[PDB]
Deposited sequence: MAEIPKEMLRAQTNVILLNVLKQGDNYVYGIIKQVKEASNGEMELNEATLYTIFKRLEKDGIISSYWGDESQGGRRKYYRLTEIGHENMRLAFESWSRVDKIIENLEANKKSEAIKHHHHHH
């Protein structure tokens, strides 16, 4: 489900930045390690995805020394991630009740 890799990739990316600001080569690098080599994200997509988020104010960009472009999570970024994790937590619960309410 190609809309789902979109989300999965977005989730992982968001988590990398919540760790701390980072640049694309560093981001692809960290992800490939944490996935023990199974996931190589492509620049075009990271550059592609990163445009949407800054467009929506979830992340912002800044140049740091040696000079590479760095990306950081904004507050609306931190907030929207919190709402995401919490809503999805309620979903976990709804589903768990369904399973439990099943056995009864």
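Colleague: In sequence order, which parts of the deposited sequence are missing C-alpha coordinates?
Modeller: Coordinates drop out over 1-4, 70-73, 113-122.
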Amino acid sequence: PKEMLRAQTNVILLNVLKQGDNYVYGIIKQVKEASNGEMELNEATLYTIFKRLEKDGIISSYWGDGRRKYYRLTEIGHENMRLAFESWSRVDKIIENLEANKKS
From here on, numbers count along this sequence of modelled residues.
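Colleague: Should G66 be counted as unmodelled in at least a third of the other PDB entries compared?
Modeller: Other entries vs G66: at least a third skip it.
Colleague: Higher mean Cα B-factor in the deposited model: 17-25 or 80-88?
Modeller: Looking at the record's C-alpha B-factors, the answer is 17-25.
Colleague: State the tercile, meaning the lowest, middle or highest third, of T74 with respect to the CA B-factors recorded for its chain.
Modeller: Its C-alpha B-factor, which the entry lists for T74, ranks in the lowest third among residues of this chain.
Colleague: What third of the chain, by the recorded C-alpha B-factor, contains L5?
Modeller: According to the entry, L5 has a C-alpha B-factor in the chain's middle third.
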